[PDB]
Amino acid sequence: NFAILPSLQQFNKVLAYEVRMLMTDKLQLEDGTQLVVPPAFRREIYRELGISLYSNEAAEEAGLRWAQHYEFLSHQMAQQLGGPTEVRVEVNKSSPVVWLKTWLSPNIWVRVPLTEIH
C-alpha cells in the first residue's frame, strides 16, 4: 500500500535521520540524554533503505560518475550525521539515486535509491 513518493529534499532528511541511527547504539542529545537504538531497528533500517556499499572503483562505474555534488544536501546530511559528508545525486534513471560518503568510512560509497514509502 503506497503512501509517499518523497521529494529529493524530503528523502535526504529521512535518509540522514535513519543513517544517524545506523551509526550508533545511542543517540546523544544536546542535554546529555542518550536514547538507546535497538539493534533490531538498525538491521531493519539498513534493509529497508536498500543500501548498497561500493568501493571507490566500483562506484565510479555503477552510477557515481554521472552523479553531481549537492551542496545543500551535503551540509544538511553533514549536520545530522555530525561529521564531514558528501552527498551526490544521480538524477539519471529518472528516479534519483543518492550517493553518500562520510568521514567515518572514507573508502566506501553508500548507494541509496529514492523509493516509495509504504
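When you see a residue number, it is the position in the sequence shown, counting from 1.
Item to complete: Higher average CA B factor in the deposited record is what I'm after, so tell me if that's 27 to 35 or 64 to 72.
Response: The recorded data point to 27 to 35.
Practice prompt. Could you settle it for me: does 13 to 21 or 90 to 98 have the higher average Cα B factor in the PDB entry?
Written response: Mean C-alpha B-factor is greater for 90 to 98.
Fill in: Ranked against its chain, the third holding the CA B-factor of residue 49
Answer is middle: the recorded C-alpha B-factor places it there.
Worksheet item: Based on the entry's values, in what third of the chain does the Cα temperature factor of residue 56 lie: lowest, middle or highest?
Response: Highest third.
Fill in: Modelled-residue ranking by C-alpha temperature factor, third containing residue 5
Its C-alpha B-factor, which the entry lists for residue 5, ranks in the lowest third among residues of this chain.
Worksheet item: According to the PDB entry, is the CA B factor of residue 114 in the bottom, middle or top third of its chain, that is, lowest, middle or highest?
Response: Answer is middle: the recorded C-alpha B-factor places it there.
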